[PDB]
**Q** 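Right, I'll just put the structure down here and ask away after.
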Amino acid sequence: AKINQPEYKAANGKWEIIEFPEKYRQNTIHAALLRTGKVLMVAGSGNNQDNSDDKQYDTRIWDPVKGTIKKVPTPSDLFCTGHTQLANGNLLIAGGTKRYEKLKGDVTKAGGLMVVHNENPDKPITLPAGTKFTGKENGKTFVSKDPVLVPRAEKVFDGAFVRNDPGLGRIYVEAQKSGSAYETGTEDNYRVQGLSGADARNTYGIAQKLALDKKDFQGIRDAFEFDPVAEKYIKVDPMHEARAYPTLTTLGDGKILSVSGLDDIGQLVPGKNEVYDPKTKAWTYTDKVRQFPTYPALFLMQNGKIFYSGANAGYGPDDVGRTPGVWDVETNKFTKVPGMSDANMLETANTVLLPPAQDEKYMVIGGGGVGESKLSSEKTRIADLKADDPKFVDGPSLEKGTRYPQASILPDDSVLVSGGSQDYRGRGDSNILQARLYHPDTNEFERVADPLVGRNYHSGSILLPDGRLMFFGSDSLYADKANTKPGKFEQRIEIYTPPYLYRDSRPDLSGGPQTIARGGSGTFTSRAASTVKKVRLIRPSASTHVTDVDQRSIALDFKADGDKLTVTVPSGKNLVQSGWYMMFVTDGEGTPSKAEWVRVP
Ligand SMILES: [Cu+2]
Ligand SMILES: [Cu+2]
């Protein structure tokens, strides 16, 4: 196909690779558009064992207008963090990792770390090599290769006796036979074969997935605010819980909820959630437990409750926190939302609050089966949360089952859905080089230009102020279709220019940056004011692991008079979260202006 011709671009847009000078390359795993118009690109150690060992941590700031890039000193391994924009435009970033060593054993046999629990405070227990552990739910058996000493449970005192904290002993376990049939994909509690009586009651294992991509993966408590003006990470109070892969999401009071993650020995945080108050720069536990898998897609609804779409990055059990629903964080009540197709393929799915955000329609896109499953979903599922009895209904389908699809809201109310892979971490060279625009008004997909670079695990996408989009990342497990050689992280970046920039001249817009309060108005200059049909306030993305709880596009009422455009911000802090937004105006041809920045107090 002649993809650079004017007619083709007018219908399909165009992709371009940017490669950075080698000095500035990194394995970008998170990115966020900052209110300065620059993009924060966070690698941390970049899922690179050498960098993890050396404590080599990387961040960049990229100026898309100037093309320039700089390094930012990175104080901790911010790979594996959660992050969201605060009301002042700083990016709260919390959690991370201190380890993800590849585990040694037979590469053809499922395995990983078993955390053995000893509830007996009176004695330790040693389990010899060749101890068999059987998943109480999964029915699968794994064998240790070395002995493990599990310490006595530690008595905890006020000095009155409270309880016993179980002794914990980690040990590598492996399937007896080769092959994927012996893998697990979710946490289970494991029976230790050969114990009886008290030892049986008191000794059991907990393990996350025991499969072929084997890692010892541990969280940290660190938290920072990234200040986009200073261009630096500012240390704030650490979280109470160590968390690799938490979601951070803004509540109706403007405080930030931190949910889930793996703890400091690789166990799922057991529903112990916490709230950051930006006014105190401190964290407080919520009162009651509510457990989810990692990177749960959690969005603030107009009634102040949190919508969990079901999309997540995995870990934890298959039967807690896996159903979509509406969570009242203050009461802790959770009400499941029915109707999700491919409810067994929600790991690595994307979630978008469709434009306009007023409508409270959420779309879940693609996904795959738990852990290293070969299952992948071609479906979209849409829930309308304004309904009295909300439910998911299928939307338009993709051509192929797709893990890891990128999904970015555009200023014309389309959603760009691109990339992903048909299988786990792109294995079998399964990157899908396809892009589509979802049109909420027709409920259909329109195929657009194919991306140039494949993007699976550890990818993402960011809408820029000029209306183009940046795509980053991709961490294939293997380099080849045969799955014999290790993959190399994708360091190339792409810019996608949508069809709307291959049309007539775009509307002009000036008068930013401005502060405009909810329920208030601001006036801008546009010579093309009388052509404007839509005004959108779009929250900048913070994207990682197929998860972006920041992006949303809010419709604004407006009036044009001559070259003056007056816009009014909607009421409701649950809708228009405080913070910085891109304001785009779009004409009757569907062509957007470049954005002006608007701060909502
Ligand atoms: Cu290491
Ligand atoms: Cu990751």
Side-chain angles (χ1 to χ4, degrees), residues 26-32 41-59 74 76-83 93-105 112-113 170 172 185 208-209 211-220 242-248 259-266 268-269 292-297 311-316 347-350 367-368 370-372 403-406 419-421 424-427 455-461 472-477 486-491 542-548:
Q26 63 175 26
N27 299 351
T28 304
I29 296 167
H30 306 253
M41 302 172 76
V42 186
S45 59
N47 197 26
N48 177 286
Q49 299 301 339
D50 292 335
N51 288 355
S52 180
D53 293 343
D54 287 348
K55 306 181 177 188
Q56 174 58 46
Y57 308 136
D58 282 277
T59 298
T74 306
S76 297
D77 202 348
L78 301 182
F79 163 42
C80 310
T81 48
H83 40 54
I93 184 163
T97 189
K98 59 177 202 181
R99 188 173 180 76
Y100 46 95
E101 200 68 33
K102 190 183 186 182
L103 295 170
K104 299 185 179 182
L113 298 176
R170 303 194 324 164
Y172 175 77
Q208 302 301 320
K209 66 164 193 175
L212 294 178
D213 185 10
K214 311 178 183 166
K215 239 84 182 274
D216 178 12
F217 181 34
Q218 296 173 348
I220 67 179
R243 308 175 189 272
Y245 291 3
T247 284
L248 270 55
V259 183
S260 196
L262 304 178
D263 84 1
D264 69 2
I265 64 168
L268 194 79
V269 172
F292 296 90
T294 66
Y295 290 131
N312 68 92
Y315 298 99
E347 289 192 11
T348 81
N350 212 318
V370 293
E372 300 172 13
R403 291 178 172 274
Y404 325 107
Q406 294 93 69
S421 60
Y424 178 82
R425 295 190 62 179
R427 74 185 167 206
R455 275 180 288 276
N456 64 78
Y457 186 52
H458 288 164
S459 306
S461 65
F472 64 89
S474 196
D475 199 356
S476 296
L477 182 56
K488 298 188 177 58
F489 199 102
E490 176 63 74
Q491 301 191 319
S543 181
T544 195
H545 295 72
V546 212
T547 307
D548 181 353

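Just so you know, these numbers use all the heavy atoms, side chains as well, and skip hydrogens, waters and symmetry mates. Just so you know, ligand 1 is whichever comes first in the structure, and atom 1 is the first atom listed for that ligand. This chain uses plain numbering: 1 for the first residue, then up along the sequence.
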**Q** With carbon and hydrogen excluded and only N/O/S kept, which atom of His545 is nearest the Cu ion (ligand 2)?
**A** NE2

**Q** What protein N/O/S atoms are found closer than 2.8 Å to the Cu ion (ligand 1)?
**A** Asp53 OD1, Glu101 OE1

**Q** Would you check if there is a donor-acceptor pair between the side chains of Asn456 and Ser476 at a distance under 3.5 Å?
**A** yes

**Q** For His458, what is the atom name of its N, O or S atom nearest to the Cu ion (ligand 2)?
**A** NE2

**Q** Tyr404 vs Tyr457 aromatic rings, parallel, tilted or perpendicular, using cut-offs 30° and 60°?
**A** tilted

**Q** Identify the two heavy atoms, one from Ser461 and one from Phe472, that lie closest to each other, and give their separation to 0.1 Å.
**A** N-CE2, 3.7 Å

**Q** Show the nearest heavy-atom pair for residues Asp58 and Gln26, with the distance to one decimal.
**A** CB-OE1, 3.3 Å

**Q** Compare every heavy atom of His458 with every heavy atom of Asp475, then report the nearest pair and how far apart it is.
**A** OD2-ND1, 2.7 Å

**Q** Is there an N/O/S atom in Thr544 at a distance below 2.8 Å from the Cu ion (ligand 2)?
**A** no

**Q** Pick out which of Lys104, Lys102, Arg99 makes a salt bridge (charged side-chain N to carboxylate O under 4.0 Å, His left out) with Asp216.
**A** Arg99

**Q** Can you sort out the partners of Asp213 under salt bridge (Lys or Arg N to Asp or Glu O under 4.0 Å), two or more places apart, ordered by chain and number?
**A** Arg425

